[PDB]
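Okay, structure first, notes after.
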Amino acid sequence: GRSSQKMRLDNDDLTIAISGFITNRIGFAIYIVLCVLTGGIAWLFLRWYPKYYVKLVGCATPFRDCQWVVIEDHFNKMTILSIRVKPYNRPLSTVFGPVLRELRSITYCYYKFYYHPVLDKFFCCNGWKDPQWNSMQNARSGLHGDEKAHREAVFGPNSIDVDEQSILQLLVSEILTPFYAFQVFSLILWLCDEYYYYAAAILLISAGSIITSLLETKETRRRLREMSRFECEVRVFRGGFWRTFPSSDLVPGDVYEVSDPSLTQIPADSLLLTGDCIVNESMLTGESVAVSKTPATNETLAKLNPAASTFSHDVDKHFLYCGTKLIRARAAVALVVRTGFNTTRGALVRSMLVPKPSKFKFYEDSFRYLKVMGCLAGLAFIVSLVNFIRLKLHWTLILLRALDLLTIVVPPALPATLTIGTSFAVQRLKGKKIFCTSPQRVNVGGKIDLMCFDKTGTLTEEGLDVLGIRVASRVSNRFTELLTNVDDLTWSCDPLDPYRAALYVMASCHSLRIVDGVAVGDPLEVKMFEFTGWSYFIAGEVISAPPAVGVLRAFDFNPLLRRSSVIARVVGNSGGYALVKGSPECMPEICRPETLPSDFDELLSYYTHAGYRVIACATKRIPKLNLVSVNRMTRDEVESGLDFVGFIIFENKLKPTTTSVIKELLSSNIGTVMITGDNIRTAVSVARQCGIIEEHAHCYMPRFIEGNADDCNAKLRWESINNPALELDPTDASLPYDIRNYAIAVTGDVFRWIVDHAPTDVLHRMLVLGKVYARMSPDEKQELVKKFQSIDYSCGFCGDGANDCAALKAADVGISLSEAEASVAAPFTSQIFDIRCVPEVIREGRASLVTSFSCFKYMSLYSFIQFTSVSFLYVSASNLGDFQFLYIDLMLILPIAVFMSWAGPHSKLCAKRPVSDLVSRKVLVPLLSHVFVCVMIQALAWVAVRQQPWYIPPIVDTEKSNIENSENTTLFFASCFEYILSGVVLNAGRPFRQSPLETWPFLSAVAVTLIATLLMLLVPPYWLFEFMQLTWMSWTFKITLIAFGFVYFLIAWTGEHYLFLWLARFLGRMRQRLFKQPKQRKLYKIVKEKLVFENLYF
Ligand code: ALF
Ligand SMILES: [Mg+2]
């Protein structure tokens, strides 16, 4: 009996291990008695480290006989789940692809593993081919009665119902982290030591942080549950009749109806059987164009695969996805295939909740630093305890002092201070209309090294504009200039006149209807009508000699003929006219070949290759027509024998301010790529116009030369687009084949083949070189972003559709551009709809990163200075007073820390990135030198004060510490002079922020604190003298204290700018030259260097 298994859930990530255990009933008693005895510490310690809990309670057993299982993933986060068993009696094949009895299963992250007995394993994905699907006769007659019920036990309900959790569960999963336990212990220590005010302050700030984080999490999870909760009402063929049911009672096999008008959205992944349908797949592709779907023939059942997760075109022509609108339908039924989380939209939603560890190592490294500091504080506690039992002091004093020395070294207000930079950045972003939801992501904005991009909604207007109109004259059968405008059309001549005929076509060849003074109807007609500027069974001309027209009848656009016609009669002419507009491919089989110019085919190829959509117009004259002829003669006589007029052209025109933002991003050493769902010819042209691809480079793309994507052993040919002769060395490395710049533009079908059957090195080179990525579903967007991240990139995204959701959530920083169905996952949410909020986010990220690092260094220095002062004082059982602590802790550190995080970022993207890690050498090395300088200054001040003739030595006191010394006061003033100047020196400045001379609050706060301290030193009033427990000093010694404080500033400044970085580089070079361990480099750098050098080699 097997009792372990390993699986890979996601596309490539999520390696998990499942094991099965049993409760000992003795370890459980030990655990409960231990919890009772310790009052609650065992519960905490066995919730933080469940490995020992399992080792204490669990006893290993095989899978067949089990009661709960443990699932451990690649990030080492264990979990306890309970196996569920249900009575069930059908053949094994009903559940997979014998007899099955128990039907054991486990649910993990909405995946549902089932237990195969004879193979003795857990299986996640098996499509349930349900072999009845052989003929339309079988598939049309749906399942009857009881057969549904058993299905309900295997597939569950058809509802994407994520599980919400209560407030108390959030609290027990949030507060119980170890740091808050440490904070509670510190608070107990303060209140037991009569040190109230500071404890109350940090309690208030901790409570505020908890409240804001809790509200954040609750709002996020509430919002995510509204994008994935759909409820409709359909009619199903359960028992030979049509019965009305909710959308939740559907199981694979039920045949429902799609022709009814109540049904406005597809309930589940379906397949047509009769009739026809019209849907717009705005959720799978970014476009909003109407798509027509036709019934599935008897052959296509064979190739259907309910688990392929991406369907070929042969079967995609008949598949009705779930969650897509329904424009129009004909007696048409449909057969469901997948329900629940197996649906493409359901699978996307499920993959939006799977956990993924972060590559930003800031907060975790800070916590590791505090843990090392605690390891030091333990030794300090031991030494203090020995030195205190030496002096024969009382026991309460020894305990209290030795324990407060713990909270001195591990400051309980470091994490609550490390968020001020992001807290201040959020409102600047909100002022510039960008709305952030996860503040922890702001720092990540400073690490962006790549920036992906949508096309249709982001880099381009949503609709299709009108570029120009071309016409061929009958004087010479050749085309003319571009004729962008309509005024030129009105004032041009050679329905006999060509230009006026084309204007007539653009004016009255539609079926638009007027609502609210504007026009509605087919999306393409609207743009033409607006371009004309005219008005609308006759079309009224604009006031600003063009005659009006009067329509007698019209044949709308025919799905099979692919054209439309309008028979009208201008008032002037006794005879009528017929205008026909349609696609240029089937046009030649209607019009006269004499009317077709010599430029037809090559000009059509030129326009189509650049990516436009072309439509052609034609005219005809009917010498005699009346009210009886139109009803007597059909469209066949209308169409045949027309006169070619001209081409009208559409264009996906890009937003006015994109070619500048992309140029700036390229000039700031940030690469950019396009990841779109549209064609592979429009995408390349828009990338040429925008600036992603340089104006002179080539664009090689892959083609299938031997076999389609099915065969596991196929060959690829990397051809060129403009010149189909040049190729790339395929087996071989992607290099130009027997020149300076080029860019592979991979389609969306060959990319899957590359990821599957191609070596890793070719994949890496394609990732480094590829600029354009078209014809991709959301899943390929997401896993392409993950592939980018897996070679040490840090990539963002930008999009404005539910198409993009997964790529927005899986990217390091994802900026949305809308407010519906796409801002649920994206951290940020712009509202100006242009790509101008990307530089904003990057700038604020860099400023926030440098600010956070500066604050961390400042708080660490504060901790060390206080520890050194207290360690000097403890050598004689003395201590700082209970109010000097308050002054230092509350009126010097918190105000300077808050105001050090106030200045804004620069007004321009620079060309260099900030340090983005804590355990580095260039961060640690300049910190320990500052610590050394601080300690040296304090030691010098102490030695200096111990030699004056009015010195008042400390007194050892058994009941309480003595505060009125001449050795406490000197260290107090040295510390006060050091805190302010350390805050001034460690400030972030010119490169990624505003220089401190242009920001007033910081300088004002430093000045007021320094003047307060200097006045408290030089001439203090008596109440301060008897209130802070000071002692007399000669006026010649205060000047010496000021001198030490001053010279510390010079030493710290010179070290921080000049010497400390030099020492860091010196130590780094010595380590490299002595320890002979290679320096790791980011992969894409290595691949780029290999590529350029080897290309130069040829
Ligand atoms: F508008 Al798109 F992918 F083309 F969101
Ligand atoms: Mg879009």
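All residue names refer to the structure tokens as shown: chains lettered A, B, ... in order, residues numbered from 1 in each chain, ligands numbered from 1 in order.
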
With only C-alpha atoms and all ligand atoms counted and 7 Å as the cut-off, give the residues of chain A in contact with ligand 2, each with its shortest interatomic distance in Å and the pair that gives it, as CSV.
```
residue,atom,partner,partner_atom_place_in_ligand_line,distance
A:286,CA,ligand 2,1 (Mg),5.2
A:454,CA,ligand 2,1 (Mg),5.6
A:455,CA,ligand 2,1 (Mg),6.0
A:456,CA,ligand 2,1 (Mg),4.8
A:457,CA,ligand 2,1 (Mg),3.7
A:458,CA,ligand 2,1 (Mg),5.7
A:799,CA,ligand 2,1 (Mg),5.2
A:800,CA,ligand 2,1 (Mg),4.7
A:801,CA,ligand 2,1 (Mg),5.0
```

Point to revise | Near-ligand residues for ligand 1, threshold 10 Å, only C-alpha atoms and all ligand atoms, as a ChimeraX atom specification | key: /A:282-288,453-462,674-679,683,774-778,781,798-805,817,822

Using only C-alpha atoms, find each residue of segment 265-352 of chain A with at least one atom at most 12 Å away from an atom of segment 119-126 of chain A; report its shortest atom-to-atom pair and that distance in Å (one decimal), sort the rows by chain and rising residue number, and return the result as a Markdown table.
```
| residue | atom | partner | partner_atom | distance |
| --- | --- | --- | --- | --- |
| A:305 | CA | A:126 | CA | 10.2 |
| A:306 | CA | A:126 | CA | 8.4 |
| A:307 | CA | A:126 | CA | 7.0 |
| A:308 | CA | A:126 | CA | 10.3 |
| A:309 | CA | A:125 | CA | 10.9 |
| A:338 | CA | A:126 | CA | 11.5 |
| A:341 | CA | A:125 | CA | 11.6 |
| A:342 | CA | A:125 | CA | 9.2 |
```

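Nearest to residue 1008 of chain A of all the residues A:895, A:62, A:1020, A:827 is A:895, counting only C-alpha atoms.
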
Exercise for review: Quote the spacing between atom CA of residue 1 of chain A and atom CA of residue 63 of chain A in Å to one decimal place.
Suggested key: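 Taking atom CA of residue 1 of chain A as the start and atom CA of residue 63 of chain A as the end point, the length is 6.8 Å.
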
Check your understanding: Just how far from atom CA of residue 848 of chain A is atom CA of residue 443 of chain A, in Å to one decimal?
Key ->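 Going from atom CA of residue 443 of chain A over to atom CA of residue 848 of chain A covers 5.6 Å.
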
Could you pull out the alpha helix (DSSP H) residues of segment 990-1049 of chain A from DSSP and send them as a compact mmCIF listing (two decimals) with N, CA, C and O atoms, in the first residue's frame?
```txt
# COMPACT_ATOMS: atom_id res chain seq x y z
N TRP A 1000 10.81 71.54 2.59
CA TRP A 1000 10.82 72.31 3.83
C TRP A 1000 10.50 71.50 5.09
O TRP A 1000 11.14 71.74 6.13
N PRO A 1001 9.53 70.58 5.08
CA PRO A 1001 9.18 69.89 6.34
C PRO A 1001 10.35 69.17 7.01
O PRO A 1001 10.50 69.25 8.23
N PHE A 1002 11.19 68.47 6.24
CA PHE A 1002 12.28 67.72 6.84
C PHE A 1002 13.27 68.65 7.52
O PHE A 1002 13.67 68.42 8.67
N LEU A 1003 13.69 69.70 6.82
CA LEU A 1003 14.65 70.63 7.40
C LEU A 1003 14.05 71.35 8.61
O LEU A 1003 14.74 71.57 9.61
N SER A 1004 12.77 71.70 8.54
CA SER A 1004 12.13 72.36 9.67
C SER A 1004 12.10 71.45 10.89
O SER A 1004 12.39 71.90 12.01
N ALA A 1005 11.76 70.18 10.71
CA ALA A 1005 11.72 69.25 11.84
C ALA A 1005 13.11 69.05 12.43
O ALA A 1005 13.27 69.06 13.66
N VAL A 1006 14.12 68.86 11.59
CA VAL A 1006 15.48 68.69 12.11
C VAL A 1006 15.91 69.93 12.87
O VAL A 1006 16.48 69.84 13.97
N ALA A 1007 15.62 71.11 12.33
CA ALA A 1007 16.03 72.35 12.98
C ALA A 1007 15.34 72.52 14.33
O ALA A 1007 15.98 72.92 15.31
N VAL A 1008 14.03 72.23 14.40
CA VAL A 1008 13.33 72.44 15.66
C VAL A 1008 13.82 71.45 16.71
O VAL A 1008 14.01 71.81 17.88
N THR A 1009 14.06 70.19 16.32
CA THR A 1009 14.58 69.23 17.28
C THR A 1009 15.96 69.64 17.78
O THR A 1009 16.25 69.58 18.99
N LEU A 1010 16.83 70.09 16.87
CA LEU A 1010 18.18 70.46 17.27
C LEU A 1010 18.18 71.69 18.16
O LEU A 1010 18.96 71.77 19.12
N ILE A 1011 17.32 72.67 17.87
CA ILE A 1011 17.26 73.85 18.72
C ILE A 1011 16.70 73.49 20.09
O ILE A 1011 17.17 74.01 21.11
N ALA A 1012 15.72 72.60 20.14
CA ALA A 1012 15.19 72.16 21.43
C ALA A 1012 16.29 71.51 22.27
O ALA A 1012 16.45 71.84 23.45
N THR A 1013 17.06 70.60 21.67
CA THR A 1013 18.13 69.94 22.42
C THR A 1013 19.20 70.94 22.85
O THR A 1013 19.68 70.89 23.99
N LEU A 1014 19.59 71.85 21.96
CA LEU A 1014 20.65 72.79 22.31
C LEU A 1014 20.22 73.74 23.42
O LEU A 1014 21.02 74.07 24.30
N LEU A 1015 18.96 74.17 23.41
CA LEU A 1015 18.48 75.02 24.50
C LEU A 1015 18.33 74.24 25.80
O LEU A 1015 18.56 74.79 26.88
N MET A 1016 17.94 72.96 25.72
CA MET A 1016 17.89 72.14 26.93
C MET A 1016 19.28 71.89 27.50
O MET A 1016 19.42 71.64 28.70
N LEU A 1017 20.30 71.95 26.65
CA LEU A 1017 21.67 71.76 27.13
C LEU A 1017 22.25 73.04 27.71
O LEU A 1017 22.74 73.05 28.85
N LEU A 1018 22.22 74.13 26.95
CA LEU A 1018 22.93 75.34 27.35
C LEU A 1018 22.27 76.01 28.55
O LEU A 1018 22.88 76.13 29.62
N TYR A 1022 14.55 75.52 35.51
CA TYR A 1022 14.71 74.65 36.68
C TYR A 1022 13.79 73.44 36.62
O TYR A 1022 14.17 72.35 37.07
N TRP A 1023 12.57 73.61 36.11
CA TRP A 1023 11.65 72.48 36.06
C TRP A 1023 12.18 71.38 35.15
O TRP A 1023 12.03 70.20 35.45
N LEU A 1024 12.81 71.76 34.03
CA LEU A 1024 13.49 70.76 33.21
C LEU A 1024 14.66 70.12 33.95
O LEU A 1024 14.89 68.92 33.83
N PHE A 1025 15.41 70.92 34.70
CA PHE A 1025 16.57 70.39 35.42
C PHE A 1025 16.16 69.34 36.44
O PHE A 1025 16.81 68.30 36.56
N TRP A 1035 30.63 75.35 32.18
CA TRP A 1035 30.29 75.86 30.85
C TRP A 1035 31.38 75.56 29.83
O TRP A 1035 31.15 75.71 28.63
N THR A 1036 32.57 75.16 30.28
CA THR A 1036 33.65 74.79 29.38
C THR A 1036 33.47 73.39 28.82
O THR A 1036 34.04 73.07 27.77
N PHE A 1037 32.67 72.55 29.47
CA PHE A 1037 32.49 71.17 29.05
C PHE A 1037 31.32 70.99 28.09
O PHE A 1037 31.35 70.09 27.24
N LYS A 1038 30.28 71.82 28.21
CA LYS A 1038 29.19 71.76 27.24
C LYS A 1038 29.69 72.05 25.84
O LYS A 1038 29.24 71.44 24.86
N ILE A 1039 30.64 72.98 25.71
CA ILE A 1039 31.22 73.28 24.41
C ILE A 1039 31.98 72.07 23.87
O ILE A 1039 31.95 71.80 22.66
N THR A 1040 32.64 71.32 24.75
CA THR A 1040 33.33 70.11 24.31
C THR A 1040 32.34 69.06 23.84
O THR A 1040 32.59 68.35 22.85
N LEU A 1041 31.21 68.93 24.54
CA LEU A 1041 30.16 68.02 24.07
C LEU A 1041 29.66 68.43 22.69
O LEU A 1041 29.47 67.58 21.81
N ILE A 1042 29.44 69.73 22.48
CA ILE A 1042 29.02 70.21 21.17
C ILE A 1042 30.08 69.91 20.13
O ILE A 1042 29.77 69.59 18.98
N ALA A 1043 31.36 70.01 20.51
CA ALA A 1043 32.44 69.72 19.57
C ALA A 1043 32.42 68.26 19.14
O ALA A 1043 32.60 67.95 17.96
N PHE A 1044 32.24 67.34 20.10
CA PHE A 1044 32.12 65.93 19.73
C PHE A 1044 30.93 65.70 18.81
O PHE A 1044 31.03 65.00 17.79
N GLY A 1045 29.78 66.27 19.17
CA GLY A 1045 28.60 66.11 18.32
C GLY A 1045 28.83 66.62 16.91
O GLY A 1045 28.42 65.99 15.94
N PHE A 1046 29.51 67.76 16.79
CA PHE A 1046 29.80 68.32 15.47
C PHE A 1046 30.74 67.41 14.68
O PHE A 1046 30.43 67.05 13.54
N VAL A 1047 31.88 67.04 15.26
CA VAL A 1047 32.84 66.23 14.52
C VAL A 1047 32.25 64.88 14.13
O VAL A 1047 32.67 64.30 13.11
N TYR A 1048 31.28 64.37 14.89
CA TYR A 1048 30.60 63.16 14.45
C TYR A 1048 29.90 63.36 13.12
O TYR A 1048 29.88 62.46 12.28
N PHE A 1049 29.32 64.54 12.90
CA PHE A 1049 28.65 64.80 11.63
C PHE A 1049 29.63 64.73 10.47
O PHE A 1049 29.34 64.12 9.44
```

Study note, to complete from the structure: Nearest to residue 1027 of chain A, restricted to only C-alpha atoms and choosing among A:1062, A:700, A:369, A:883, comes out as A:883

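Going from atom CA of residue 807 of chain A to atom CA of residue 312 of chain A covers 22.4 Å.
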
Near segment 400-414 of chain A, 12 Å: segment 786-871 of chain A residue rows, closest pairs, only C-alpha atoms, as a Markdown table:
```
| residue | atom | partner | partner_atom | distance |
| --- | --- | --- | --- | --- |
| A:852 | CA | A:414 | CA | 11.2 |
| A:855 | CA | A:414 | CA | 9.0 |
| A:856 | CA | A:414 | CA | 7.7 |
| A:857 | CA | A:414 | CA | 10.4 |
| A:858 | CA | A:414 | CA | 9.9 |
| A:859 | CA | A:414 | CA | 6.6 |
| A:860 | CA | A:414 | CA | 8.5 |
| A:861 | CA | A:409 | CA | 10.5 |
| A:862 | CA | A:411 | CA | 9.2 |
| A:863 | CA | A:409 | CA | 5.7 |
| A:864 | CA | A:409 | CA | 7.0 |
| A:865 | CA | A:409 | CA | 9.6 |
| A:866 | CA | A:408 | CA | 7.0 |
| A:867 | CA | A:409 | CA | 6.1 |
| A:868 | CA | A:409 | CA | 9.7 |
| A:869 | CA | A:408 | CA | 10.5 |
| A:870 | CA | A:405 | CA | 8.1 |
| A:871 | CA | A:405 | CA | 8.8 |
```

Practice item. Mind listing the strand (DSSP E) residues of segment 37-105 of chain A, per DSSP on the backbone, as a PyMOL selection string? Key: chain A and resi 58-60+68-72+80-81+90-91+99-100+105

**Study point:** Given only C-alpha atoms as the counted atoms, nearest of A:426, A:139, A:352, A:172 to residue 301 of chain A
**Key:**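 Residue with the minimum atom-to-atom distance to residue 301 of chain A: A:139.
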